[PDB]
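Peer 1: Can you read through this structure? Questions will come right after.
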Amino acid sequence: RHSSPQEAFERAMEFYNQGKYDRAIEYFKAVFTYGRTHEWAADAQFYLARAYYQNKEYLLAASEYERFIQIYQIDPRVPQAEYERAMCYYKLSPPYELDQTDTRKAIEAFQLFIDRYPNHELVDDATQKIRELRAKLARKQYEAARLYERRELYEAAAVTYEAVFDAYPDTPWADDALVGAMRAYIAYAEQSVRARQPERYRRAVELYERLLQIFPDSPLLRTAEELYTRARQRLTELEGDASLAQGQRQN
């Protein structure tokens, strides 16, 4: 097998270069049987992380990237390592219908990277990954809201649409979700006892302003105007109704 860190390293690289990642990995690990002080330890650790990655062992990759960063803090590759570690979670991030634990892990990892090295070459890439991961999360919530609305659970729909624009305001689903929330609040109001309607209509009225303030160029502004008009006119009739008293909780 091997007699020195160099033989083990170069054998690992031989396997690595021809895509024999399982074998490479075994040889990178062998390097460390001679300790980590020799001149090959940094490279061995860095390419071990990459070999796991190329072998699609992302959790193992992530751990080894982390170890590289822990051990060799002024190695010029430390920023790359932090980025590629975030990529492990990115690869693990599954389709939006499934549990999004690893999606949230990836986002945090990328965000830390961006905070730590705000001008790094890889920042644009990391930002694009964040946008893509955030869109998954937004879509999951948007589709959930649609299902509630379809089931005529309108309060549930409304707050689930709000999750999209409150938690993920930069995703492409955010303006769609504001409109969806207005529609749901209108429908929630309609199913409500008269005295509890104003505050529900008020929510829809307030969401339109936010749409206008945050997405001034949204194509949905004109679409949503009709919704806003319905909410506003109904709220006016209610507010102008001299015979509708309103308990304190309804103002």
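Chain labels A, B, ... are given in the sequence in which chains occur in the structure tokens; within each chain residues are numbered consecutively from 1, and ligands are likewise numbered from 1 in the order shown.
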Any idea what's packed within 10 Å of residue A:52, counting only C-alpha atoms, ignoring anything in its chain fewer than 4 positions away? Could you give it as a list in words?
Peer 2: residues 21, 22, 24, 25, 47, 48, 56, 57, 58, 59, 60, 61, 62, 63, 64, 65 and 88 of chain A
Peer 1: Write out as a PyMOL selection string which residues come within 12 Å of residue A:97 when counting only C-alpha atoms, dropping same-chain ones fewer than 2 positions away.
Peer 2: chain A and resi 93-95+99-101+103+136-144
Peer 1: For residue A:46, which residue out of A:12, A:182, A:177, A:81 is the nearest one, using only C-alpha atoms?
Peer 2: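 For residue A:46, the nearest of the candidates is A:81.
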Peer 1: I'd like the interatomic distance between atom CA of residue A:173 and atom CA of residue A:91, to a tenth of an Å.
Peer 2: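 Atom-to-atom, atom CA of residue A:173 and atom CA of residue A:91 are spaced 22.4 Å apart.
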Peer 1: Show which residues sit within 12 Å of residue A:236, as a count of residues only. Count only C-alpha atoms, and ignore same-chain residues fewer than 6 positions away.
Peer 2: 9
Peer 1: Give me, as a ChimeraX atom specification, all polymer residues having an atom no more than 9 Å from residue A:129, counting only C-alpha atoms and skipping those fewer than 5 positions away in the same chain.
Peer 2: /A:87,90,106-107,110,124,134
Peer 1: Just list the residues in stretch 9-169 of chain A DSSP gives alpha helix (DSSP H) on the backbone, as a PyMOL selection string.
Peer 2: chain A and resi 9-17+21-31+41-54+58-71+78-92+101-116+123-150+154-167
Peer 1: Residues of the last selection are to be written out with C-alpha atoms, as a short mmCIF file (atom, residue, chain, number, x, y, z; two decimals), in the first residue's frame.
Peer 2:
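In the end it all went to selection11.cif:
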```
data_model
loop_
_atom_site.label_atom_id
_atom_site.label_comp_id
_atom_site.auth_asym_id
_atom_site.auth_seq_id
_atom_site.Cartn_x
_atom_site.Cartn_y
_atom_site.Cartn_z
CA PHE A 9 -0.89 11.08 -1.21
CA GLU A 10 0.31 10.55 -4.78
CA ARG A 11 -1.51 7.20 -4.95
CA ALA A 12 -4.67 8.96 -3.72
CA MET A 13 -4.23 11.65 -6.39
CA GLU A 14 -3.66 8.96 -9.05
CA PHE A 15 -7.05 7.44 -8.16
CA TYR A 16 -8.65 10.87 -7.75
CA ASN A 17 -7.64 11.98 -11.25
CA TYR A 21 -13.05 8.20 -5.58
CA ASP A 22 -13.59 5.22 -3.24
CA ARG A 23 -9.95 4.17 -3.60
CA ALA A 24 -8.66 7.76 -3.51
CA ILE A 25 -10.52 8.28 -0.24
CA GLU A 26 -8.85 5.27 1.36
CA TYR A 27 -5.43 6.60 0.32
CA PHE A 28 -6.05 10.18 1.49
CA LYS A 29 -6.98 8.74 4.89
CA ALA A 30 -3.76 6.70 4.90
CA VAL A 31 -1.83 9.97 4.60
CA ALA A 41 -1.28 17.05 5.15
CA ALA A 42 -3.05 20.20 3.93
CA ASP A 43 -3.40 18.98 0.34
CA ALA A 44 -4.45 15.53 1.53
CA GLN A 45 -7.19 16.96 3.73
CA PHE A 46 -8.43 19.32 0.99
CA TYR A 47 -8.62 16.64 -1.70
CA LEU A 48 -10.16 14.15 0.73
CA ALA A 49 -13.06 16.55 1.18
CA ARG A 50 -13.31 16.89 -2.61
CA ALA A 51 -13.13 13.12 -3.16
CA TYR A 52 -16.09 12.55 -0.81
CA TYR A 53 -17.91 15.32 -2.67
CA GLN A 54 -17.21 13.79 -6.09
CA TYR A 58 -21.85 14.99 0.95
CA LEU A 59 -22.13 14.76 4.75
CA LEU A 60 -18.68 13.21 4.95
CA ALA A 61 -17.38 15.84 2.52
CA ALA A 62 -18.84 18.62 4.69
CA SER A 63 -17.15 17.29 7.82
CA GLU A 64 -13.74 17.10 6.09
CA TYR A 65 -14.10 20.62 4.63
CA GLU A 66 -14.86 21.79 8.16
CA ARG A 67 -11.74 20.03 9.44
CA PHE A 68 -9.61 21.68 6.74
CA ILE A 69 -10.90 25.09 7.82
CA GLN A 70 -10.32 24.28 11.50
CA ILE A 71 -6.74 23.08 10.96
CA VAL A 78 -9.93 28.20 3.20
CA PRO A 79 -12.58 30.38 1.48
CA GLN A 80 -13.04 27.80 -1.31
CA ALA A 81 -13.41 25.11 1.36
CA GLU A 82 -16.15 27.01 3.18
CA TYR A 83 -17.96 27.54 -0.14
CA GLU A 84 -17.64 23.90 -1.24
CA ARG A 85 -18.88 22.81 2.17
CA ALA A 86 -22.02 24.91 1.63
CA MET A 87 -22.26 23.15 -1.75
CA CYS A 88 -22.54 19.81 0.10
CA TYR A 89 -25.75 20.93 1.73
CA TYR A 90 -26.85 22.49 -1.58
CA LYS A 91 -26.56 19.09 -3.26
CA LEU A 92 -28.41 17.48 -0.32
CA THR A 101 -33.69 20.75 6.77
CA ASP A 102 -30.64 20.57 4.44
CA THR A 103 -31.92 23.52 2.41
CA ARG A 104 -31.89 25.65 5.56
CA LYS A 105 -28.44 24.27 6.41
CA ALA A 106 -27.10 25.28 3.00
CA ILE A 107 -28.52 28.79 3.20
CA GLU A 108 -26.91 29.42 6.61
CA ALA A 109 -23.58 28.05 5.35
CA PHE A 110 -23.59 30.30 2.26
CA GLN A 111 -24.66 33.29 4.31
CA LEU A 112 -21.79 32.81 6.78
CA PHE A 113 -19.41 32.56 3.82
CA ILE A 114 -20.75 35.82 2.36
CA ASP A 115 -20.44 37.59 5.73
CA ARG A 116 -16.89 36.40 6.25
CA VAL A 123 -19.81 35.65 -3.56
CA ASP A 124 -21.93 36.02 -6.74
CA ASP A 125 -22.14 32.22 -6.98
CA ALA A 126 -23.03 31.85 -3.31
CA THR A 127 -25.70 34.53 -3.64
CA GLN A 128 -27.25 32.77 -6.61
CA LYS A 129 -27.33 29.52 -4.61
CA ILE A 130 -29.08 31.33 -1.73
CA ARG A 131 -31.71 32.73 -4.12
CA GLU A 132 -32.30 29.27 -5.56
CA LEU A 133 -32.57 27.64 -2.13
CA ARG A 134 -34.84 30.40 -0.77
CA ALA A 135 -37.12 29.93 -3.79
CA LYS A 136 -37.63 26.28 -2.88
CA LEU A 137 -38.68 27.28 0.62
CA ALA A 138 -41.01 29.99 -0.65
CA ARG A 139 -42.58 27.61 -3.17
CA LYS A 140 -43.24 24.99 -0.51
CA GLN A 141 -45.12 27.58 1.55
CA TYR A 142 -46.95 29.03 -1.48
CA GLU A 143 -48.20 25.61 -2.56
CA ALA A 144 -49.26 24.81 1.02
CA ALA A 145 -51.23 28.09 1.10
CA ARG A 146 -52.94 27.14 -2.20
CA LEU A 147 -54.02 23.81 -0.70
CA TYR A 148 -55.53 25.57 2.35
CA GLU A 149 -57.32 28.02 0.10
CA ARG A 150 -58.64 25.13 -2.01
CA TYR A 154 -58.84 30.73 4.59
CA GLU A 155 -57.14 31.98 7.75
CA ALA A 156 -54.65 29.13 7.37
CA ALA A 157 -54.17 30.10 3.71
CA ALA A 158 -53.66 33.78 4.54
CA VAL A 159 -50.96 33.29 7.21
CA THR A 160 -49.23 30.68 5.03
CA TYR A 161 -49.10 33.16 2.12
CA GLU A 162 -47.72 35.68 4.64
CA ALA A 163 -44.97 33.22 5.54
CA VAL A 164 -43.72 33.57 1.96
CA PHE A 165 -43.45 37.36 1.86
CA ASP A 166 -42.45 37.87 5.53
CA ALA A 167 -39.75 35.17 5.58
#
```
Peer 1: Quick check, in Å to one decimal: how far apart do atom CA of residue A:245 and atom CA of residue A:195 lie?
Peer 2: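 Atom CA of residue A:195 lies at a distance of 7.9 Å from atom CA of residue A:245.
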Peer 1: Could you check which of A:209, A:190, A:39, A:217 is closest to residue A:234, using only C-alpha atoms?
Peer 2: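 Going through A:209, A:190, A:39, A:217 one by one, the smallest distance to residue A:234 is for A:190.
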